[PDB]
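Engineer: So here's work-v6.cif, just mmCIF, C-alpha atoms and all ligand atoms:
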data_input
#
loop_
_atom_site.label_atom_id
_atom_site.label_comp_id
_atom_site.auth_asym_id
_atom_site.auth_seq_id
_atom_site.Cartn_x
_atom_site.Cartn_y
_atom_site.Cartn_z
CA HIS F 4 0.00 0.00 0.00
CA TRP F 5 0.98 3.61 -0.47
CA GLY F 6 3.52 5.53 1.51
CA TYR F 7 6.53 7.84 1.09
CA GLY F 8 9.31 5.41 0.05
CA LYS F 9 11.22 4.55 -3.08
CA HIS F 10 8.85 1.82 -3.79
CA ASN F 11 5.55 3.21 -2.73
CA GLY F 12 5.92 6.96 -2.64
CA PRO F 13 4.18 9.75 -4.56
CA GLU F 14 5.63 8.85 -7.86
CA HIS F 15 3.77 5.48 -7.66
CA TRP F 16 0.40 6.66 -6.36
CA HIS F 17 -1.18 7.03 -9.79
CA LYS F 18 -1.26 3.24 -10.30
CA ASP F 19 -3.82 2.78 -7.52
CA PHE F 20 -5.27 6.27 -7.70
CA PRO F 21 -5.23 7.46 -11.34
CA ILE F 22 -6.67 10.86 -10.26
CA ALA F 23 -3.05 11.51 -9.21
CA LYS F 24 -2.52 12.79 -12.74
CA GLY F 25 -5.74 14.80 -12.69
CA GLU F 26 -6.53 18.43 -13.51
CA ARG F 27 -6.76 19.83 -9.98
CA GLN F 28 -4.09 18.08 -7.88
CA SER F 29 -2.37 19.45 -4.81
CA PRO F 30 -0.03 20.70 -3.60
CA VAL F 31 1.29 23.32 -6.05
CA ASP F 32 4.03 25.88 -6.21
CA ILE F 33 2.62 29.39 -5.42
CA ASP F 34 4.29 31.82 -7.79
CA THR F 35 3.87 35.02 -5.90
CA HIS F 36 4.41 37.14 -8.91
CA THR F 37 1.56 35.60 -10.79
CA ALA F 38 -0.99 35.14 -8.04
CA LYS F 39 -3.34 38.02 -8.59
CA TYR F 40 -4.88 40.09 -5.84
CA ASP F 41 -8.60 39.53 -5.89
CA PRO F 42 -10.44 42.43 -4.15
CA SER F 43 -13.60 40.33 -4.16
CA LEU F 44 -12.12 37.83 -1.68
CA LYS F 45 -13.23 38.16 1.94
CA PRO F 46 -11.35 38.03 5.13
CA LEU F 47 -11.21 34.59 6.47
CA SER F 48 -13.38 33.79 9.46
CA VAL F 49 -11.73 31.20 11.72
CA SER F 50 -14.00 30.50 14.66
CA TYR F 51 -12.30 28.00 16.93
CA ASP F 52 -13.40 29.21 20.38
CA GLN F 53 -15.50 26.12 20.96
CA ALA F 54 -13.33 23.56 19.30
CA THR F 55 -13.34 20.21 21.09
CA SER F 56 -10.30 18.13 20.47
CA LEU F 57 -10.65 14.50 21.43
CA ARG F 58 -7.77 12.32 20.37
CA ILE F 59 -4.39 12.11 18.55
CA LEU F 60 -3.74 9.34 16.23
CA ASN F 61 -0.57 7.94 14.40
CA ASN F 62 -2.07 6.65 11.17
CA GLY F 63 1.14 5.48 9.74
CA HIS F 64 1.42 8.59 7.39
CA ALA F 65 1.21 11.39 9.90
CA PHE F 66 -0.46 12.09 13.15
CA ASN F 67 -3.96 13.47 13.26
CA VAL F 68 -5.42 15.70 16.07
CA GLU F 69 -9.14 14.89 15.87
CA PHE F 70 -12.08 17.03 16.81
CA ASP F 71 -15.72 16.41 17.70
CA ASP F 72 -17.44 17.54 14.47
CA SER F 73 -20.95 16.43 15.60
CA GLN F 74 -22.02 20.05 15.99
CA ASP F 75 -20.98 23.55 14.63
CA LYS F 76 -18.28 24.22 17.11
CA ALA F 77 -15.12 25.06 15.20
CA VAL F 78 -15.91 26.44 11.75
CA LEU F 79 -14.21 28.14 8.85
CA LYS F 80 -16.25 30.52 6.75
CA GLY F 81 -15.67 33.60 4.56
CA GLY F 82 -12.55 33.98 2.60
CA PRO F 83 -13.22 32.31 -0.80
CA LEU F 84 -15.88 30.05 0.68
CA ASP F 85 -19.69 29.97 0.40
CA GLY F 86 -21.13 28.36 3.45
CA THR F 87 -19.80 26.81 6.59
CA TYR F 88 -17.05 24.30 7.00
CA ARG F 89 -16.52 22.25 10.23
CA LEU F 90 -13.12 21.35 11.58
CA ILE F 91 -12.57 17.57 11.68
CA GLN F 92 -8.79 17.18 12.14
CA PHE F 93 -5.41 18.70 11.71
CA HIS F 94 -2.12 17.11 10.81
CA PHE F 95 1.32 18.02 9.52
CA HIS F 96 3.82 17.18 6.84
CA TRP F 97 7.56 17.52 7.54
CA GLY F 98 11.03 16.79 6.40
CA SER F 99 14.10 14.83 7.41
CA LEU F 100 15.92 18.20 7.52
CA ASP F 101 14.73 21.79 7.91
CA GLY F 102 15.22 22.52 4.14
CA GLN F 103 12.20 20.44 3.08
CA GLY F 104 8.89 19.27 4.45
CA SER F 105 6.21 21.50 3.14
CA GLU F 106 3.80 20.43 0.45
CA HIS F 107 3.05 23.80 -1.01
CA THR F 108 6.03 25.87 -1.99
CA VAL F 109 6.32 29.63 -2.37
CA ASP F 110 8.43 30.68 -5.41
CA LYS F 111 9.93 27.09 -5.10
CA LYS F 112 10.87 27.68 -1.43
CA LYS F 113 10.17 24.70 0.77
CA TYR F 114 9.39 25.25 4.41
CA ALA F 115 10.33 22.85 7.20
CA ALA F 116 6.77 21.69 7.65
CA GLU F 117 3.14 22.43 6.78
CA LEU F 118 0.06 22.20 8.98
CA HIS F 119 -3.24 21.26 7.41
CA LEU F 120 -6.50 22.09 9.24
CA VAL F 121 -9.17 20.08 7.47
CA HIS F 122 -12.82 21.21 7.34
CA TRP F 123 -15.89 19.82 5.58
CA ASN F 124 -18.88 21.63 4.11
CA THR F 125 -21.83 21.19 6.37
CA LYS F 127 -24.24 21.27 3.39
CA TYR F 128 -23.19 17.68 2.64
CA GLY F 129 -23.92 16.33 6.07
CA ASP F 130 -20.81 14.20 6.80
CA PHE F 131 -17.18 14.08 5.72
CA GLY F 132 -17.54 11.01 3.58
CA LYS F 133 -20.22 12.67 1.47
CA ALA F 134 -18.32 15.95 1.31
CA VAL F 135 -15.18 14.43 -0.20
CA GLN F 136 -17.32 13.39 -3.16
CA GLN F 137 -18.06 17.04 -4.03
CA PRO F 138 -15.86 19.67 -5.63
CA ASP F 139 -16.62 22.11 -2.88
CA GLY F 140 -16.67 19.54 -0.13
CA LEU F 141 -13.56 20.48 1.89
CA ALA F 142 -11.65 23.56 2.89
CA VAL F 143 -8.11 23.01 4.04
CA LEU F 144 -6.24 25.74 5.78
CA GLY F 145 -2.52 25.36 5.18
CA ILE F 146 0.06 27.02 7.44
CA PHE F 147 3.82 26.87 6.86
CA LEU F 148 6.31 26.18 9.62
CA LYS F 149 9.79 27.56 9.82
CA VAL F 150 12.38 26.70 12.44
CA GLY F 151 13.32 29.43 14.87
CA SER F 152 11.54 30.35 18.11
CA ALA F 153 9.41 27.80 19.77
CA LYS F 154 5.61 27.84 19.33
CA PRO F 155 4.22 27.56 22.82
CA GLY F 156 0.88 26.46 21.51
CA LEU F 157 2.39 23.41 19.80
CA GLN F 158 4.19 22.01 22.85
CA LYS F 159 1.13 20.01 24.10
CA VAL F 160 1.20 18.23 20.79
CA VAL F 161 4.91 17.56 20.86
CA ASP F 162 4.88 16.17 24.33
CA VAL F 163 2.19 13.53 23.53
CA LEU F 164 4.05 12.13 20.54
CA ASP F 165 6.08 9.69 22.67
CA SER F 166 2.82 7.92 23.42
CA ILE F 167 1.93 7.42 19.74
CA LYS F 168 5.24 6.44 18.29
CA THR F 169 4.01 3.76 15.95
CA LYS F 170 1.25 3.22 13.43
CA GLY F 171 -2.15 2.59 14.95
CA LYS F 172 -1.44 4.12 18.32
CA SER F 173 -3.77 6.76 19.64
CA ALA F 174 -4.07 8.78 22.83
CA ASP F 175 -6.69 10.91 24.53
CA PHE F 176 -6.08 14.55 23.52
CA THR F 177 -8.74 16.73 24.93
CA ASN F 178 -8.94 20.44 25.42
CA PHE F 179 -6.33 21.40 22.88
CA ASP F 180 -6.85 24.82 21.41
CA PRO F 181 -5.86 25.07 17.74
CA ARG F 182 -5.90 28.87 17.95
CA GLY F 183 -2.42 28.51 19.32
CA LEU F 184 -1.17 27.27 15.97
CA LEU F 185 -2.24 30.31 13.93
CA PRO F 186 0.01 33.15 12.74
CA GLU F 187 -0.84 36.82 13.37
CA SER F 188 -2.05 37.51 9.79
CA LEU F 189 -4.78 35.68 7.96
CA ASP F 190 -3.58 36.91 4.54
CA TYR F 191 -3.89 33.98 2.16
CA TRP F 192 -3.62 32.45 -1.29
CA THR F 193 -6.47 30.27 -2.54
CA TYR F 194 -6.95 27.81 -5.36
CA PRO F 195 -8.97 24.67 -6.15
CA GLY F 196 -7.28 21.38 -5.56
CA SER F 197 -7.18 18.03 -3.95
CA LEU F 198 -6.40 15.93 -0.97
CA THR F 199 -2.58 15.45 -0.88
CA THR F 200 -2.78 11.80 0.20
CA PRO F 201 -4.69 9.00 -1.40
CA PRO F 202 -7.44 8.89 -2.48
CA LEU F 203 -6.31 12.32 -3.83
CA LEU F 204 -9.90 13.47 -4.35
CA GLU F 205 -10.43 16.76 -6.11
CA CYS F 206 -12.67 18.18 -3.36
CA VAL F 207 -10.66 20.92 -1.71
CA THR F 208 -10.67 24.70 -1.68
CA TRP F 209 -7.17 25.40 -0.51
CA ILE F 210 -6.48 28.42 1.69
CA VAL F 211 -2.72 28.81 2.29
CA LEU F 212 -1.66 31.45 4.75
CA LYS F 213 1.20 33.70 3.74
CA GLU F 214 2.69 34.13 7.18
CA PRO F 215 4.52 31.04 8.57
CA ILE F 216 4.59 30.10 12.17
CA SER F 217 7.87 29.55 13.94
CA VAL F 218 8.62 26.37 15.79
CA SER F 219 11.82 25.34 17.46
CA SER F 220 14.35 22.85 16.20
CA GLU F 221 13.57 20.82 19.31
CA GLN F 222 9.87 20.73 18.42
CA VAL F 223 10.42 19.54 14.87
CA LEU F 224 12.96 17.03 16.06
CA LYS F 225 10.28 15.35 18.10
CA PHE F 226 8.09 15.00 14.97
CA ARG F 227 11.00 13.18 13.32
CA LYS F 228 11.13 10.57 16.07
CA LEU F 229 7.76 9.20 15.12
CA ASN F 230 7.61 5.97 13.15
CA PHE F 231 5.79 4.98 9.94
CA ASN F 232 5.94 1.35 11.09
CA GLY F 233 3.77 -0.49 13.57
CA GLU F 234 4.91 -1.66 17.05
CA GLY F 235 7.77 -3.98 16.99
CA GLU F 236 8.40 -3.76 13.27
CA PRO F 237 11.69 -2.49 11.69
CA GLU F 238 12.03 1.13 12.55
CA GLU F 239 11.54 3.61 9.78
CA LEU F 240 11.40 7.16 10.95
CA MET F 241 8.36 9.25 9.99
CA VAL F 242 10.09 11.93 7.92
CA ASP F 243 9.54 13.32 4.42
CA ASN F 244 5.82 12.59 4.48
CA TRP F 245 5.12 15.30 1.87
CA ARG F 246 3.83 15.13 -1.68
CA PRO F 247 5.79 17.36 -4.07
CA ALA F 248 4.23 20.17 -6.08
CA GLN F 249 1.96 19.08 -8.89
CA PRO F 250 1.19 20.78 -12.22
CA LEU F 251 -1.01 23.82 -11.90
CA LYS F 252 -2.81 23.18 -15.22
CA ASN F 253 -5.70 25.32 -15.86
CA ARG F 254 -5.76 27.07 -12.43
CA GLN F 255 -5.47 30.50 -10.98
CA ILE F 256 -4.06 31.17 -7.57
CA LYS F 257 -5.71 34.22 -6.02
CA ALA F 258 -4.29 36.43 -3.26
CA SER F 259 -6.38 38.05 -0.58
CA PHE F 260 -3.82 40.79 -0.07
CA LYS F 261 -2.11 43.53 -2.09
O1 LIG D 301 -6.71 9.63 5.28
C1 LIG D 301 -6.29 10.28 4.25
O2 LIG D 301 -5.08 10.37 4.05
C2 LIG D 301 -7.18 10.94 3.24
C3 LIG D 301 -7.40 12.32 3.77
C4 LIG D 301 -8.31 12.62 4.81
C5 LIG D 301 -8.51 13.88 5.27
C6 LIG D 301 -7.73 14.94 4.78
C7 LIG D 301 -6.82 14.71 3.73
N1 LIG D 301 -6.07 15.76 3.14
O3 LIG D 301 -5.42 15.64 2.15
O4 LIG D 301 -6.08 16.91 3.80
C8 LIG D 301 -6.65 13.39 3.27
ZN ZN D 302 -1.99 17.26 4.71
#
Could you spell out this file's structure in structure tokens?
Ligand SMILES: O=C(O)Cc1cccc([N+](=O)[O-])c1
Ligand SMILES: [Zn+2]
Structural biologist:
Amino acid sequence: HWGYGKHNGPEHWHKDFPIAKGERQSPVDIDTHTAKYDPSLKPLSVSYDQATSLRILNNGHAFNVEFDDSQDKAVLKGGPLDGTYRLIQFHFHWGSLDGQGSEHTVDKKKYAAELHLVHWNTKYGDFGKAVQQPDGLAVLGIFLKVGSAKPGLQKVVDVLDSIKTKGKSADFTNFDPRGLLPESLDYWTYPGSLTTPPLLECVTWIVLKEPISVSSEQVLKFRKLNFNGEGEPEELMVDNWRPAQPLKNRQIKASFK
């Protein structure tokens, strides 16, 4: 099955998921000189005051911080969106070294990591139905650079020891994802896809311009996770990013001048 190796990594995905070579795949390189300012875009509305985190999971590809999405508690609205999108989970992608890790790139620059806050459009009732629709998901993407520590991340970092291997989970209540956001909500937006299989073309991407800073120590703890299951040969969870895909017939729009 799919992964991030020589034998099963992104360059192989298309054999099981032919949409890999589709018209609206993610991630992409954001060419800042060609992304046009769109005065019709709205400010983003990120309403996470009532978000209810429940659990953290190592799924063998990343770790997921999961939320109770059984009510409108943590929602994304505005920006490029019509309607209301409920937070279901966040996860990251990162590198073996600080010079790579992000999925999106900015004028070909790779950041050390990228955070994905995944939301589904409430008009479709559940996540599984939403991923079948072109406007089913909104993913908020936030770059990480290595510098100062992010205090708001440390709760996440310190639980990782308990979910080292694939299939491990841990109770993870009361975590506030507001602590992961940068000061500005300036963004780029474009239509795209999930970045892991099944690679469905269901996402409005919203990529923030301003990275967050995390410390080397924080990112180092991400790189101690394992792709493998308990008591299998250790293969560190690093370089779990899909490279940029062809933009094709898409426009990337900027919310800012
Ligand atoms: O389990 C998975 O890998 C599929 C999946 C599920 C939810 C979000 C995703 N994304 O690309 O943001 C991908
Ligand atoms: Zn992701």
Engineer: I'd like to know which of F:215, F:132, F:21, F:201 is closest to residue 146 (chain F), using only C-alpha atoms.
Structural biologist: F:215
Engineer: List all protein, DNA and RNA residues that have at least one atom no more than 12 Å from any atom of ligand LIG 301 (chain D), counting all atoms listed in the file, and write them as a ChimeraX atom specification.
Structural biologist: /F:5-6,28-30,60-69,90-96,106,117-123,131-132,134-135,140-145,196-210,244-246
Engineer: Would you please work out which residue, of F:104, F:237, F:186, F:138, is nearest to ligand ZN 302 (chain D) when using only C-alpha atoms and all ligand atoms?
Structural biologist: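 Checking each of F:104, F:237, F:186, F:138 against ligand ZN 302 (chain D), counting only C-alpha atoms and all ligand atoms, the winner is F:104.
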Engineer: Can you work out the spacing between CA of residue 214 (chain F) and CA of residue 192 (chain F) in Å, to one decimal?
Structural biologist: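 Result for CA of residue 214 (chain F) versus CA of residue 192 (chain F): 10.7 Å, one decimal.
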Engineer: When distances are computed from all atoms listed in the file, which of F:27, F:112, F:58, F:107 shows the smallest separation from ligand ZN 302 (chain D)?
Structural biologist: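 Nearest candidate to ligand ZN 302 (chain D) out of F:27, F:112, F:58, F:107: F:107.
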Engineer: For a test of reading the model, state the distance in Å between CA of residue 182 (chain F) and CA of residue 164 (chain F), rounded to one decimal.
Structural biologist: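 These atoms are spaced 19.6 Å apart.
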Engineer: For a quick check of understanding, using all atoms listed in the file, which of F:105, F:178, F:50, F:74 has the smallest distance to ligand ZN 302 (chain D)?
Structural biologist: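 When distances to ligand ZN 302 (chain D) are compared using all atoms listed in the file, the smallest one comes from F:105.
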Engineer: As an exercise, work out the distance from CA of residue 97 (chain F) to CA of residue 228 (chain F) in Å and give it to one decimal place.
Structural biologist: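 So the two atoms, CA of residue 97 (chain F) and CA of residue 228 (chain F), lie 11.6 Å apart.
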Engineer: Would you kindly return, as a list in words, each protein, DNA or RNA residue with an atom no farther than 10 Å from any atom of residue 220 (chain F), considering all atoms listed in the file and excluding same-chain residues fewer than 5 positions away?
Structural biologist: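 Close residues of residue 220 (chain F): residues 100, 101, 115, 149, 150, 151, 152, 153 and 225 of chain F.
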Engineer: If you take only C-alpha atoms and a cut-off of 10 Å, which residues of region 119-200 of chain F touch region 229-235 of chain F, and what are their nearest atom pairs and distances in Å to one decimal, in chain and number order, as a tab-separated table?
Structural biologist:
residue	atom	partner	partner_atom	distance
F:164	CA	F:229	CA	7.2
F:165	CA	F:229	CA	7.8
F:166	CA	F:229	CA	9.7
F:167	CA	F:229	CA	7.6
F:168	CA	F:229	CA	4.9
F:169	CA	F:233	CA	4.9
F:170	CA	F:233	CA	4.5
F:171	CA	F:233	CA	6.8
F:172	CA	F:233	CA	8.4
Engineer: For residue 73 (chain F), which residue among F:125, F:87, F:108, F:103 is the nearest when counting only C-alpha atoms?
Structural biologist: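 Nearest to residue 73 (chain F): F:125.
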Engineer: Taking (-7.6, 34.4, -7.4) as a centre in this file's frame and 8 Å as the limit, can you find every polymer residue with an atom that close, using all atoms listed in the file, and give them as a list in words?
Structural biologist: residues 38, 39, 40, 41, 192, 193, 194, 255, 256, 257, 258 and 259 of chain F
Engineer: How would you write as a VMD selection string the residues that get within 7 Å of (2.6, 22.0, -6.9) in the file's frame, counting only C-alpha atoms?
Structural biologist: chain F and resid 29 to 32 107 247 to 251
Engineer: Go through F:223, F:216, F:44, F:185 and flag the residue nearest residue 260 (chain F), using only C-alpha atoms for the distances.
Structural biologist: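 For residue 260 (chain F), the nearest of the given residues is F:44.
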Engineer: Would you list the contacts of residue 156 (chain F) as a PyMOL selection string, taking every protein, DNA or RNA residue within 8 Å and counting all atoms listed in the file, but skipping same-chain residues closer than 2 positions in sequence?
Structural biologist: chain F and resi 154+158-159+180-181+183-184
Engineer: For region 227-241 of chain F, write N, CA, C and O atoms out as a short mmCIF file (atom, residue, chain, number, x, y, z; two decimals), in the first residue's frame.
Structural biologist:
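Final output, saved to part28.cif:
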data_model
loop_
_atom_site.label_atom_id
_atom_site.label_comp_id
_atom_site.auth_asym_id
_atom_site.auth_seq_id
_atom_site.Cartn_x
_atom_site.Cartn_y
_atom_site.Cartn_z
N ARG F 227 10.18 14.12 14.09
CA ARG F 227 11.00 13.18 13.32
C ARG F 227 11.41 11.93 14.07
O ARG F 227 12.04 11.07 13.50
N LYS F 228 10.98 11.82 15.33
CA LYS F 228 11.13 10.57 16.07
C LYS F 228 9.98 9.62 15.97
O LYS F 228 10.07 8.49 16.41
N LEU F 229 8.86 10.09 15.37
CA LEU F 229 7.76 9.20 15.12
C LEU F 229 8.17 8.14 14.10
O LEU F 229 9.21 8.23 13.42
N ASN F 230 7.35 7.10 14.00
CA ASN F 230 7.61 5.97 13.15
C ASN F 230 6.43 5.78 12.16
O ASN F 230 5.28 5.84 12.57
N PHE F 231 6.78 5.43 10.93
CA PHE F 231 5.79 4.98 9.94
C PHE F 231 5.29 3.59 10.27
O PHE F 231 4.20 3.22 9.93
N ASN F 232 6.23 2.78 10.77
CA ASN F 232 5.94 1.35 11.09
C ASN F 232 5.13 1.21 12.34
O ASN F 232 4.95 2.08 13.12
N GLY F 233 4.51 -0.01 12.42
CA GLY F 233 3.77 -0.49 13.57
C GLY F 233 4.74 -0.98 14.69
O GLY F 233 5.93 -1.15 14.45
N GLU F 234 4.22 -1.03 15.94
CA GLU F 234 4.91 -1.66 17.05
C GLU F 234 5.63 -2.92 16.64
O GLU F 234 5.18 -3.83 15.94
N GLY F 235 6.88 -2.91 17.13
CA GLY F 235 7.77 -3.98 16.99
C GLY F 235 8.06 -4.41 15.59
O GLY F 235 8.31 -5.55 15.35
N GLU F 236 7.98 -3.49 14.65
CA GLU F 236 8.40 -3.76 13.27
C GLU F 236 9.73 -2.98 13.03
O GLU F 236 10.07 -2.12 13.82
N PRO F 237 10.40 -3.20 11.93
CA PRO F 237 11.69 -2.49 11.69
C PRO F 237 11.44 -1.01 11.65
O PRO F 237 10.56 -0.55 11.00
N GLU F 238 12.27 -0.26 12.38
CA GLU F 238 12.03 1.13 12.55
C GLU F 238 12.29 1.93 11.32
O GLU F 238 13.40 1.91 10.80
N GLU F 239 11.30 2.68 10.89
CA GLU F 239 11.54 3.61 9.78
C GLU F 239 10.94 4.94 10.21
O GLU F 239 9.75 5.10 10.42
N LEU F 240 11.83 5.91 10.38
CA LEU F 240 11.40 7.16 10.95
C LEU F 240 10.36 7.82 10.04
O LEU F 240 10.54 7.86 8.81
N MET F 241 9.38 8.46 10.67
CA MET F 241 8.36 9.25 9.99
C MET F 241 8.96 10.62 9.66
O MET F 241 8.87 11.51 10.47
#
